[PDB]
Amino acid sequence: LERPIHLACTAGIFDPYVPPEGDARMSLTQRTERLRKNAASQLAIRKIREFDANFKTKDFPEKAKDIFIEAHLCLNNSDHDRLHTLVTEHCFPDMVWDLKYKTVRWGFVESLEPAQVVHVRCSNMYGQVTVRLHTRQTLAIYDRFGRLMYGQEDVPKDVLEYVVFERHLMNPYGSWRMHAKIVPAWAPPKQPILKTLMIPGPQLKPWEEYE
Amino acid sequence: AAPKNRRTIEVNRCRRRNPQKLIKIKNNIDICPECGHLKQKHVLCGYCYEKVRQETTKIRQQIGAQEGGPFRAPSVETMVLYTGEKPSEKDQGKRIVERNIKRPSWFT
Amino acid sequence: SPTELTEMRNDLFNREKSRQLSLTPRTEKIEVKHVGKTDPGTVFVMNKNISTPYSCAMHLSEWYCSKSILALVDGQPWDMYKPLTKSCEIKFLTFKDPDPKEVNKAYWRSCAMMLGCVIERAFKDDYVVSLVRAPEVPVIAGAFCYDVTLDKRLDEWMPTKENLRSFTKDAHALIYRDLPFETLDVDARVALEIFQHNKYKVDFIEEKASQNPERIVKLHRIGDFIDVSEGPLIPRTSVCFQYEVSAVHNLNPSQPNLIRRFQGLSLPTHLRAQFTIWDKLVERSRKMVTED
Amino acid sequence: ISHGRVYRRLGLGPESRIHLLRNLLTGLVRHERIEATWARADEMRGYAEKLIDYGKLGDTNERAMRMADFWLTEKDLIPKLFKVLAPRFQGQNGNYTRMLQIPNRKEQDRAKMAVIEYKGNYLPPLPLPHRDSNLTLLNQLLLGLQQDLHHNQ
Amino acid sequence: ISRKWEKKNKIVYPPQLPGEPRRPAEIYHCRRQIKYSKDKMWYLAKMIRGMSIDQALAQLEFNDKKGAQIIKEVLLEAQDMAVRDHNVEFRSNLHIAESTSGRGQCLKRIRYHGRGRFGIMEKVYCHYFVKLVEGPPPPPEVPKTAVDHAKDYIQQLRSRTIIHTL
Ligand SMILES: [Mg+2]
Ligand SMILES: [Mg+2]
Ligand SMILES: [Mg+2]
Ligand SMILES: [Zn+2]
């Protein structure tokens, strides 16, 4: 390629922060943990300060929370133009790919507990901030035909998720955009699809025999 | 003799949609008990028959190697044995064909 | 009035259905594995207490739906329309299986139940017909038997040939309706309430409740008609194709209450009989049947 | 008007019919199971049955040897006929060959196909149509009828 | 050329309200440039009209025509996309609402004749369309009874008016 292909985001998370088992409670501690890992993470904050100089962990959760709410609300209207600004190119296909020919109704109920920055990293240079969000939300997806396939029309369920935001520090026009979500192994399973599924068994030619 | 007039689509539609010219629906189609594939009542299941012949080709292929040439058919009865089987007393003095695979469950 | 009993009994039947249907909140997924010879290894991810073996057949193909009369859930016969309760392995039984013993019983019981439904509505509302029992008779006996006690006014009237022909006409009407055999497993209390009036049914319910460790009793409904059952039944009444009410025989030791046994024969659509063969079997179905 | 005539018109003529049939018969004796078009297999079935009868006549019979010589073009098969197939079918008076229809041919001519074999061969058994068991609903009712008639005189 | 049949699977209806019958799913599928006469394909397409998916497949499996395998392959693809992409729960719960054949783009060639004469032969192609609708096949056609015929006759009598007068 004569012209190098341009990437404003990097697939994956630089260091996948491991949430602590039992973190979903009391809905300090994790506040100390970012302080405890300051050597690994404060240095990343220091570098983020140099290129930004307005990065304060105290106020980022409010802005970080705001992006999360607005980004999902684009799904209802299906305003992809707005959503591209809100989320990175890595995040975009995951959110939107399987929602084609479907309508999603998503709303944000009051947040249970305050959002907190939990882990940040840096690598030309990219900076990723992991945020912890506990909130009650509503979701309902429909077919081409308007039939409900997932979720309950209107009931609030409490959700605890860890969302990674990212920014391209070098670019003058870079911004903080939702990048990925880290799922804890201890997380409870999500609600199942309304319909029932058949998982086909092995298909056998006349030569073969079942085992 | 050549047509005196073009035939209209109204006449033609009556000729080619007459019931005599339609495909008859078949009432003899049934599902096979063993394989679960479709078959006609009076005809052998094609899936099950497919298993039998492909095993037959394997047996016949082994026969060809043993004979080694044309005009070498035995004058004694033939028998097929699968790995883990030995000729019985009644099997004495009969050509034995040896197959690497195990005895098929359906074959006895 | 008899019409009132149908209404009240139906109301109690519906109330129990809603209570059990409401009893299960949300959707919980149960994995049920196909263990049958055909299409082996398929796993159906179904919803608990809602999906039925017929729904599993729907996934595979229409041949399973049309040809499957019963299901083996964890080695036990299950009604095709009875909601599945837990993760299990499932197998579908047909009339043409090598040993269709369980299928034969279910067909025989269902046909006996259809006999009871016809009898109840056949007679004039003036007379009082009480269903006593449906004796469990082997298929070899040559007919399925339903026992009934008519009013003392008809203590010595016997149906004529036209009367018996009238009964079969009602049975054929029931078949044409194509009514599914609804299923309920209910505790003694509700079953007794639905069948409080009929002393014969009450004692039968007590026996079939003592037998099980709990008080669960099987209830089946065809349209409005409701009855207790010895076990699983046919999915629908459309399975029956040939039906006959052969004869009625008075049980001699019935001076306190004249009990009349109703007899008939049936064959499914899957196993139809030729004209002459059917007649010969019908003639042999007009002879007394002794439960053994 | 072909009333009463017991042969199909096959091949390039009457002689060609015999040779086409003879080739199928030769293949049948060698392999004991042959696929041909249903019509041709039906035409050859009668010859296959009669050949076994000539084999039963015996090795020393002159007419049998001449008949076997003509019909078996591959001459190694003649010992097989007299010493393998004929001994096998000693008990039977007929019905040595089993013929069944196979699904139609997937070769753009969609020929009606059959499988013809000699009974008792060593090959894997064909998937024959198995009648229903006595345990089925209709059979049991008939079995009940049979018992009553037999027991009651 | 137009390709509107493919586009029909992209229609998105708004969410249905709770008090409304459940809308049946519809799946549109086609195979375009089939080397086969549309006149010949009509008969195969005609036969399966109105049948269930399984019933249509069974009839097609035992037809000797070249077009039967083509239609069967299209039907199987339509079945898979119905469950895979169109939220159809049960594979068997489908019937053929529409099945028809259309002309394709053809090629012109030369048919040689006896005396240096020729003719224009056509190398024919055809299209095949199907719509699969979720649910059991609609109930079969019921012929009019004698009473129904009599009722219609009497209505015609009762509709008579005094013509060309006040
Ligand atoms: Mg003839
Ligand atoms: Mg020429
Ligand atoms: Mg032309
Ligand atoms: Zn088979």
# chains A, B, ... in the order shown; residues from 1 in each chain; ligands from 1
call {"tool": "residues_near_ligand", "arguments": {"ligand": "ligand 3", "cutoff": "9 Å", "atoms": "only C-alpha atoms and all ligand atoms", "output": "number ranges by chain"}}
result
E: 120-122, 124
call {"tool": "select_by_dssp", "arguments": {"residues": "segment 123-281 of chain C", "states": "strand (DSSP E)", "output": "PyMOL selection string"}}
result
chain C and resi 130-133+144-149+182-187+216-222+225-228+240-250+259-268
call {"tool": "select_by_dssp", "arguments": {"residues": "segment 11-121 of chain A", "states": "alpha helix (DSSP H)", "output": "ChimeraX atom specification"}}
result
/A:30-36,38-52,60-77,80-86,91-96
call {"tool": "residues_around", "arguments": {"residues": "residue 83 of chain E", "least_positions_apart": "3", "cutoff": "12 Å", "atoms": "only C-alpha atoms", "output": "PDB file with C-alpha atoms, in the first residue's frame"}}
result
ATOM      1  CA  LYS A 195     -37.990 -18.512  21.530  1.00  0.00           C
ATOM      2  CA  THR A 196     -36.745 -22.105  21.652  1.00  0.00           C
ATOM      3  CA  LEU A 197     -33.736 -23.412  19.732  1.00  0.00           C
ATOM      4  CA  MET A 198     -32.805 -26.679  18.039  1.00  0.00           C
TER       5      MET A 198
ATOM      6  CA  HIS C  59     -38.435 -28.345  15.127  1.00  0.00           C
TER       7      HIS C  59
ATOM      8  CA  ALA E  25     -43.099 -13.977   9.179  1.00  0.00           C
ATOM      9  CA  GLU E  26     -42.522 -13.782   5.422  1.00  0.00           C
ATOM     10  CA  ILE E  27     -39.323 -14.789   3.615  1.00  0.00           C
ATOM     11  CA  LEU E  76     -33.883 -25.497   1.619  1.00  0.00           C
ATOM     12  CA  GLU E  77     -31.977 -22.206   1.448  1.00  0.00           C
ATOM     13  CA  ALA E  78     -35.224 -20.326   2.074  1.00  0.00           C
ATOM     14  CA  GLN E  79     -35.905 -22.560   5.079  1.00  0.00           C
ATOM     15  CA  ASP E  80     -32.485 -21.912   6.617  1.00  0.00           C
ATOM     16  CA  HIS E  86     -36.074 -13.974  10.082  1.00  0.00           C
ATOM     17  CA  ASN E  87     -36.915 -15.191  13.607  1.00  0.00           C
ATOM     18  CA  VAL E  88     -38.877 -18.259  12.520  1.00  0.00           C
ATOM     19  CA  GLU E  89     -39.027 -20.646  15.458  1.00  0.00           C
ATOM     20  CA  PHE E  90     -39.813 -24.029  13.872  1.00  0.00           C
ATOM     21  CA  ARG E  91     -38.448 -25.134  10.504  1.00  0.00           C
ATOM     22  CA  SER E  92     -41.565 -27.190   9.784  1.00  0.00           C
ATOM     23  CA  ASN E  93     -43.916 -24.243  10.470  1.00  0.00           C
ATOM     24  CA  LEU E  94     -43.739 -22.875   6.933  1.00  0.00           C
ATOM     25  CA  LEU E 132     -42.481 -18.652   2.635  1.00  0.00           C
ATOM     26  CA  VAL E 133     -45.096 -17.638   5.210  1.00  0.00           C
ATOM     27  CA  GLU E 134     -44.863 -18.832   8.800  1.00  0.00           C
TER      28      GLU E 134
END
call {"tool": "residues_around", "arguments": {"residues": "residue 21 of chain D", "least_positions_apart": "5", "cutoff": "9 Å", "atoms": "only C-alpha atoms", "output": "PDB file with N, CA and C atoms, in the first residue's frame"}}
result
ATOM      1  N   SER D  16     -29.599 -59.820 -30.449  1.00  0.00           N
ATOM      2  CA  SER D  16     -29.015 -58.848 -29.536  1.00  0.00           C
ATOM      3  C   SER D  16     -29.664 -58.927 -28.161  1.00  0.00           C
ATOM      4  N   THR D  26     -24.230 -63.415 -16.979  1.00  0.00           N
ATOM      5  CA  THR D  26     -22.833 -63.685 -16.659  1.00  0.00           C
ATOM      6  C   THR D  26     -22.375 -62.843 -15.476  1.00  0.00           C
ATOM      7  N   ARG D  40     -34.915 -54.668 -17.869  1.00  0.00           N
ATOM      8  CA  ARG D  40     -33.917 -55.655 -18.270  1.00  0.00           C
ATOM      9  C   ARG D  40     -33.671 -56.676 -17.165  1.00  0.00           C
ATOM     10  N   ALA D  41     -33.654 -56.230 -15.908  1.00  0.00           N
ATOM     11  CA  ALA D  41     -33.497 -57.169 -14.802  1.00  0.00           C
ATOM     12  C   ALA D  41     -34.661 -58.146 -14.749  1.00  0.00           C
ATOM     13  N   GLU D  43     -36.421 -59.068 -17.339  1.00  0.00           N
ATOM     14  CA  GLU D  43     -36.260 -59.963 -18.479  1.00  0.00           C
ATOM     15  C   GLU D  43     -35.283 -61.090 -18.166  1.00  0.00           C
ATOM     16  N   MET D  44     -34.207 -60.785 -17.443  1.00  0.00           N
ATOM     17  CA  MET D  44     -33.173 -61.770 -17.159  1.00  0.00           C
ATOM     18  C   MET D  44     -33.498 -62.659 -15.967  1.00  0.00           C
ATOM     19  N   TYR D  47     -34.321 -66.308 -16.896  1.00  0.00           N
ATOM     20  CA  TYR D  47     -33.142 -67.063 -17.302  1.00  0.00           C
ATOM     21  C   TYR D  47     -32.281 -67.424 -16.099  1.00  0.00           C
TER      22      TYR D  47
END
call {"tool": "interface_residues", "arguments": {"of": "chain D", "to": "chain E", "cutoff": "9 Å", "atoms": "only C-alpha atoms", "output": "PDB file with N, CA, C and O atoms, in the first residue's frame"}}
result
ATOM      1  N   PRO D 103     -34.237 -46.821  -6.015  1.00  0.00           N
ATOM      2  CA  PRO D 103     -34.644 -45.482  -6.446  1.00  0.00           C
ATOM      3  C   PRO D 103     -34.080 -45.141  -7.816  1.00  0.00           C
ATOM      4  O   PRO D 103     -33.007 -45.603  -8.207  1.00  0.00           O
ATOM      5  N   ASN D 104     -34.827 -44.319  -8.545  1.00  0.00           N
ATOM      6  CA  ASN D 104     -34.529 -44.066  -9.947  1.00  0.00           C
ATOM      7  C   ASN D 104     -33.124 -43.496 -10.123  1.00  0.00           C
ATOM      8  O   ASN D 104     -32.557 -42.876  -9.222  1.00  0.00           O
ATOM      9  N   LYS D 106     -29.905 -41.410 -11.083  1.00  0.00           N
ATOM     10  CA  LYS D 106     -29.556 -39.987 -11.147  1.00  0.00           C
ATOM     11  C   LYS D 106     -28.556 -39.716 -12.274  1.00  0.00           C
ATOM     12  O   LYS D 106     -27.427 -39.287 -12.046  1.00  0.00           O
ATOM     13  N   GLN D 108     -29.748 -38.345 -15.645  1.00  0.00           N
ATOM     14  CA  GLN D 108     -30.450 -37.534 -16.632  1.00  0.00           C
ATOM     15  C   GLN D 108     -31.339 -38.379 -17.539  1.00  0.00           C
ATOM     16  O   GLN D 108     -32.187 -37.819 -18.231  1.00  0.00           O
ATOM     17  N   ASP D 109     -31.224 -39.701 -17.523  1.00  0.00           N
ATOM     18  CA  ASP D 109     -32.205 -40.544 -18.186  1.00  0.00           C
ATOM     19  C   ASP D 109     -33.221 -41.098 -17.204  1.00  0.00           C
ATOM     20  O   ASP D 109     -34.233 -41.661 -17.634  1.00  0.00           O
ATOM     21  N   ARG D 110     -32.970 -40.938 -15.904  1.00  0.00           N
ATOM     22  CA  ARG D 110     -33.928 -41.258 -14.851  1.00  0.00           C
ATOM     23  C   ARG D 110     -34.542 -42.635 -15.072  1.00  0.00           C
ATOM     24  O   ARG D 110     -35.754 -42.831 -14.972  1.00  0.00           O
TER      25      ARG D 110
END
call {"tool": "interface_residues", "arguments": {"of": "chain B", "to": "chain E", "cutoff": "10 Å", "atoms": "only C-alpha atoms", "output": "VMD selection string"}}
result
chain B and resid 16 to 17 21 to 31 38 to 40
call {"tool": "residues_near_ligand", "arguments": {"ligand": "ligand 2", "cutoff": "8 Å", "atoms": "only C-alpha atoms and all ligand atoms", "output": "VMD selection string"}}
result
chain E and resid 112 to 114
call {"tool": "residues_near_ligand", "arguments": {"ligand": "ligand 4", "cutoff": "9 Å", "atoms": "only C-alpha atoms and all ligand atoms", "output": "list in words"}}
result
residues 31, 32, 33, 34, 35, 36, 37, 38, 39, 44, 45, 46, 47, 48, 49 and 50 of chain B; 127 of chain D
call {"tool": "write_last_selection", "arguments": {"atoms": "N, CA, C and O atoms", "output": "PDB file, in the first residue's frame"}}
result
ATOM      1  N   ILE B  31     -41.503 -42.142   5.280  1.00  0.00           N
ATOM      2  CA  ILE B  31     -40.212 -41.939   5.926  1.00  0.00           C
ATOM      3  C   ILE B  31     -39.672 -43.289   6.379  1.00  0.00           C
ATOM      4  O   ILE B  31     -40.429 -44.150   6.843  1.00  0.00           O
ATOM      5  N   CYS B  32     -38.365 -43.476   6.236  1.00  0.00           N
ATOM      6  CA  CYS B  32     -37.737 -44.762   6.528  1.00  0.00           C
ATOM      7  C   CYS B  32     -37.570 -44.942   8.034  1.00  0.00           C
ATOM      8  O   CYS B  32     -37.133 -44.009   8.715  1.00  0.00           O
ATOM      9  N   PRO B  33     -37.897 -46.114   8.588  1.00  0.00           N
ATOM     10  CA  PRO B  33     -37.738 -46.289  10.044  1.00  0.00           C
ATOM     11  C   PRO B  33     -36.297 -46.192  10.522  1.00  0.00           C
ATOM     12  O   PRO B  33     -36.027 -45.521  11.526  1.00  0.00           O
ATOM     13  N   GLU B  34     -35.358 -46.849   9.836  1.00  0.00           N
ATOM     14  CA  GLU B  34     -33.993 -46.927  10.350  1.00  0.00           C
ATOM     15  C   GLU B  34     -33.238 -45.617  10.166  1.00  0.00           C
ATOM     16  O   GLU B  34     -32.676 -45.079  11.125  1.00  0.00           O
ATOM     17  N   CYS B  35     -33.214 -45.085   8.945  1.00  0.00           N
ATOM     18  CA  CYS B  35     -32.397 -43.916   8.652  1.00  0.00           C
ATOM     19  C   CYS B  35     -33.142 -42.604   8.843  1.00  0.00           C
ATOM     20  O   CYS B  35     -32.498 -41.569   9.049  1.00  0.00           O
ATOM     21  N   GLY B  36     -34.469 -42.617   8.787  1.00  0.00           N
ATOM     22  CA  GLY B  36     -35.226 -41.392   8.924  1.00  0.00           C
ATOM     23  C   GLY B  36     -35.242 -40.523   7.690  1.00  0.00           C
ATOM     24  O   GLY B  36     -35.582 -39.341   7.784  1.00  0.00           O
ATOM     25  N   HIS B  37     -34.881 -41.071   6.536  1.00  0.00           N
ATOM     26  CA  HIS B  37     -34.945 -40.362   5.269  1.00  0.00           C
ATOM     27  C   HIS B  37     -36.170 -40.817   4.488  1.00  0.00           C
ATOM     28  O   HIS B  37     -36.804 -41.825   4.806  1.00  0.00           O
ATOM     29  N   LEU B  38     -36.506 -40.055   3.453  1.00  0.00           N
ATOM     30  CA  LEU B  38     -37.735 -40.296   2.716  1.00  0.00           C
ATOM     31  C   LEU B  38     -37.565 -41.431   1.717  1.00  0.00           C
ATOM     32  O   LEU B  38     -36.469 -41.697   1.217  1.00  0.00           O
ATOM     33  N   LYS B  39     -38.675 -42.103   1.433  1.00  0.00           N
ATOM     34  CA  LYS B  39     -38.693 -43.228   0.513  1.00  0.00           C
ATOM     35  C   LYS B  39     -40.108 -43.386  -0.018  1.00  0.00           C
ATOM     36  O   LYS B  39     -41.059 -42.818   0.523  1.00  0.00           O
ATOM     37  N   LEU B  44     -37.046 -49.410  -2.428  1.00  0.00           N
ATOM     38  CA  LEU B  44     -36.081 -49.514  -1.344  1.00  0.00           C
ATOM     39  C   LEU B  44     -35.558 -48.133  -0.968  1.00  0.00           C
ATOM     40  O   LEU B  44     -35.395 -47.254  -1.816  1.00  0.00           O
ATOM     41  N   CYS B  45     -35.292 -47.949   0.321  1.00  0.00           N
ATOM     42  CA  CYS B  45     -34.756 -46.679   0.784  1.00  0.00           C
ATOM     43  C   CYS B  45     -33.394 -46.438   0.152  1.00  0.00           C
ATOM     44  O   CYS B  45     -32.511 -47.298   0.201  1.00  0.00           O
ATOM     45  N   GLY B  46     -33.221 -45.256  -0.442  1.00  0.00           N
ATOM     46  CA  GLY B  46     -31.988 -44.974  -1.151  1.00  0.00           C
ATOM     47  C   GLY B  46     -30.827 -44.675  -0.234  1.00  0.00           C
ATOM     48  O   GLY B  46     -29.675 -44.943  -0.587  1.00  0.00           O
ATOM     49  N   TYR B  47     -31.100 -44.122   0.946  1.00  0.00           N
ATOM     50  CA  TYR B  47     -30.036 -43.890   1.914  1.00  0.00           C
ATOM     51  C   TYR B  47     -29.516 -45.205   2.483  1.00  0.00           C
ATOM     52  O   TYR B  47     -28.303 -45.438   2.526  1.00  0.00           O
ATOM     53  N   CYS B  48     -30.420 -46.077   2.928  1.00  0.00           N
ATOM     54  CA  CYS B  48     -29.995 -47.362   3.469  1.00  0.00           C
ATOM     55  C   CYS B  48     -29.329 -48.213   2.397  1.00  0.00           C
ATOM     56  O   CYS B  48     -28.287 -48.828   2.645  1.00  0.00           O
ATOM     57  N   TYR B  49     -29.912 -48.258   1.198  1.00  0.00           N
ATOM     58  CA  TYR B  49     -29.281 -48.990   0.109  1.00  0.00           C
ATOM     59  C   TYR B  49     -27.902 -48.430  -0.207  1.00  0.00           C
ATOM     60  O   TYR B  49     -27.000 -49.182  -0.593  1.00  0.00           O
ATOM     61  N   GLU B  50     -27.722 -47.117  -0.060  1.00  0.00           N
ATOM     62  CA  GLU B  50     -26.424 -46.516  -0.335  1.00  0.00           C
ATOM     63  C   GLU B  50     -25.360 -47.061   0.607  1.00  0.00           C
ATOM     64  O   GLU B  50     -24.217 -47.291   0.197  1.00  0.00           O
TER      65      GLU B  50
ATOM     66  N   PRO D 127     -31.555 -53.975   2.257  1.00  0.00           N
ATOM     67  CA  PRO D 127     -32.573 -53.466   3.201  1.00  0.00           C
ATOM     68  C   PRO D 127     -33.988 -53.802   2.735  1.00  0.00           C
ATOM     69  O   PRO D 127     -34.700 -53.014   2.116  1.00  0.00           O
TER      70      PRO D 127
END
call {"tool": "interface_residues", "arguments": {"of": "chain C", "to": "chain B", "cutoff": "12 Å", "atoms": "only C-alpha atoms", "output": "list in words"}}
result
residues 36, 37, 38, 39, 40, 60, 61, 62, 63, 64, 66, 67, 93, 94, 95, 96, 97, 98 and 270 of chain C
call {"tool": "write_last_selection", "arguments": {"atoms": "N, CA and C atoms", "output": "PDB file, in the first residue's frame"}}
result
ATOM      1  N   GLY C  36     -33.563 -40.722  20.022  1.00  0.00           N
ATOM      2  CA  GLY C  36     -34.130 -41.658  19.076  1.00  0.00           C
ATOM      3  C   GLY C  36     -33.128 -42.105  18.029  1.00  0.00           C
ATOM      4  N   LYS C  37     -33.484 -43.188  17.337  1.00  0.00           N
ATOM      5  CA  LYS C  37     -32.602 -43.737  16.312  1.00  0.00           C
ATOM      6  C   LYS C  37     -32.358 -42.727  15.200  1.00  0.00           C
ATOM      7  N   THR C  38     -33.420 -42.090  14.722  1.00  0.00           N
ATOM      8  CA  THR C  38     -33.307 -41.111  13.652  1.00  0.00           C
ATOM      9  C   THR C  38     -32.856 -39.761  14.198  1.00  0.00           C
ATOM     10  N   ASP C  39     -32.140 -39.013  13.362  1.00  0.00           N
ATOM     11  CA  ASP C  39     -31.642 -37.687  13.705  1.00  0.00           C
ATOM     12  C   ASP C  39     -30.988 -37.689  15.089  1.00  0.00           C
ATOM     13  N   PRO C  40     -30.014 -38.564  15.322  1.00  0.00           N
ATOM     14  CA  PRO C  40     -29.473 -38.715  16.675  1.00  0.00           C
ATOM     15  C   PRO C  40     -28.619 -37.526  17.082  1.00  0.00           C
ATOM     16  N   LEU C  60     -38.052 -30.591  14.250  1.00  0.00           N
ATOM     17  CA  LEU C  60     -37.421 -31.551  13.351  1.00  0.00           C
ATOM     18  C   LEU C  60     -38.079 -31.534  11.976  1.00  0.00           C
ATOM     19  N   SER C  61     -39.351 -31.914  11.900  1.00  0.00           N
ATOM     20  CA  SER C  61     -40.058 -31.938  10.625  1.00  0.00           C
ATOM     21  C   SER C  61     -41.513 -32.303  10.884  1.00  0.00           C
ATOM     22  N   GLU C  62     -42.317 -32.215   9.822  1.00  0.00           N
ATOM     23  CA  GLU C  62     -43.737 -32.525   9.917  1.00  0.00           C
ATOM     24  C   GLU C  62     -43.992 -34.021  10.044  1.00  0.00           C
ATOM     25  N   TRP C  63     -43.053 -34.860   9.604  1.00  0.00           N
ATOM     26  CA  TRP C  63     -43.214 -36.300   9.774  1.00  0.00           C
ATOM     27  C   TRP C  63     -43.254 -36.674  11.248  1.00  0.00           C
ATOM     28  N   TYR C  64     -42.392 -36.057  12.059  1.00  0.00           N
ATOM     29  CA  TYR C  64     -42.432 -36.301  13.495  1.00  0.00           C
ATOM     30  C   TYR C  64     -43.772 -35.884  14.082  1.00  0.00           C
ATOM     31  N   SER C  66     -46.760 -35.617  12.558  1.00  0.00           N
ATOM     32  CA  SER C  66     -47.888 -36.418  12.098  1.00  0.00           C
ATOM     33  C   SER C  66     -47.808 -37.852  12.606  1.00  0.00           C
ATOM     34  N   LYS C  67     -46.602 -38.414  12.683  1.00  0.00           N
ATOM     35  CA  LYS C  67     -46.433 -39.831  12.977  1.00  0.00           C
ATOM     36  C   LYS C  67     -46.159 -40.130  14.444  1.00  0.00           C
ATOM     37  N   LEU C  93     -42.541 -42.072  20.012  1.00  0.00           N
ATOM     38  CA  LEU C  93     -43.105 -43.375  19.692  1.00  0.00           C
ATOM     39  C   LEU C  93     -44.187 -43.230  18.631  1.00  0.00           C
ATOM     40  N   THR C  94     -44.260 -44.212  17.740  1.00  0.00           N
ATOM     41  CA  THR C  94     -45.253 -44.257  16.679  1.00  0.00           C
ATOM     42  C   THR C  94     -46.037 -45.558  16.777  1.00  0.00           C
ATOM     43  N   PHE C  95     -47.132 -45.628  16.020  1.00  0.00           N
ATOM     44  CA  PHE C  95     -47.952 -46.833  16.017  1.00  0.00           C
ATOM     45  C   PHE C  95     -47.242 -48.019  15.383  1.00  0.00           C
ATOM     46  N   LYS C  96     -46.250 -47.777  14.527  1.00  0.00           N
ATOM     47  CA  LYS C  96     -45.592 -48.833  13.774  1.00  0.00           C
ATOM     48  C   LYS C  96     -44.227 -49.195  14.350  1.00  0.00           C
ATOM     49  N   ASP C  97     -43.982 -48.872  15.615  1.00  0.00           N
ATOM     50  CA  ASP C  97     -42.745 -49.267  16.257  1.00  0.00           C
ATOM     51  C   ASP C  97     -42.705 -50.785  16.403  1.00  0.00           C
ATOM     52  N   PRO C  98     -41.513 -51.365  16.562  1.00  0.00           N
ATOM     53  CA  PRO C  98     -41.447 -52.831  16.689  1.00  0.00           C
ATOM     54  C   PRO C  98     -42.228 -53.368  17.875  1.00  0.00           C
ATOM     55  N   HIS C 270     -53.252 -44.295  10.953  1.00  0.00           N
ATOM     56  CA  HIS C 270     -52.007 -44.938  10.551  1.00  0.00           C
ATOM     57  C   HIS C 270     -52.206 -46.411  10.227  1.00  0.00           C
TER      58      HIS C 270
END
call {"tool": "residues_near_ligand", "arguments": {"ligand": "ligand 1", "cutoff": "7 Å", "atoms": "only C-alpha atoms and all ligand atoms", "output": "PyMOL selection string"}}
result
chain D and resi 2-6
call {"tool": "interface_residues", "arguments": {"of": "chain A", "to": "chain B", "cutoff": "10 Å", "atoms": "only C-alpha atoms", "output": "count of residues only"}}
result
5
call {"tool": "residues_around", "arguments": {"residues": "segment 39-46 of chain A", "least_positions_apart": "4", "cutoff": "7 Å", "atoms": "only C-alpha atoms", "output": "count of residues only"}}
result
5
call {"tool": "residues_around", "arguments": {"residues": "residue 3 of chain E", "least_positions_apart": "2", "cutoff": "12 Å", "atoms": "only C-alpha atoms", "output": "number ranges by chain"}}
result
E: 1, 5-9, 28-32, 102, 104, 127, 129
call {"tool": "closest_atom_pairs", "arguments": {"of": "chain C", "to": "chain D", "cutoff": "8 Å", "atoms": "only C-alpha atoms", "output": "tab-separated table"}}
result
residue	atom	partner	partner_atom	distance
C:95	CA	D:136	CA	6.7
C:96	CA	D:136	CA	6.3
C:97	CA	D:136	CA	7.5
C:98	CA	D:133	CA	5.7
C:99	CA	D:135	CA	5.6
C:100	CA	D:136	CA	5.9
C:101	CA	D:135	CA	6.8
C:104	CA	D:137	CA	6.0
C:139	CA	D:141	CA	6.6
C:140	CA	D:144	CA	5.0
C:141	CA	D:144	CA	6.7
C:142	CA	D:141	CA	5.6
C:267	CA	D:138	CA	7.4
C:271	CA	D:138	CA	6.5
C:273	CA	D:138	CA	7.6
C:281	CA	D:145	CA	7.1
C:284	CA	D:145	CA	6.9
call {"tool": "residues_around", "arguments": {"residues": "segment 69-80 of chain A", "least_positions_apart": "2", "cutoff": "9 Å", "atoms": "only C-alpha atoms", "output": "list in words"}}
result
residues 65, 66, 67, 82, 83, 84, 85, 86, 87, 95, 96, 99, 103, 104, 105, 106, 107, 108 and 178 of chain A
call {"tool": "closest_atom_pairs", "arguments": {"of": "chain C", "to": "chain A", "cutoff": "6 Å", "atoms": "only C-alpha atoms", "output": "JSON lines"}}
result
{"residue": "C:41", "atom": "CA", "partner": "A:201", "partner_atom": "CA", "distance": 4.6}
{"residue": "C:42", "atom": "CA", "partner": "A:201", "partner_atom": "CA", "distance": 4.3}
{"residue": "C:43", "atom": "CA", "partner": "A:199", "partner_atom": "CA", "distance": 5.1}
{"residue": "C:44", "atom": "CA", "partner": "A:198", "partner_atom": "CA", "distance": 4.5}
{"residue": "C:45", "atom": "CA", "partner": "A:197", "partner_atom": "CA", "distance": 4.9}
{"residue": "C:46", "atom": "CA", "partner": "A:196", "partner_atom": "CA", "distance": 4.9}
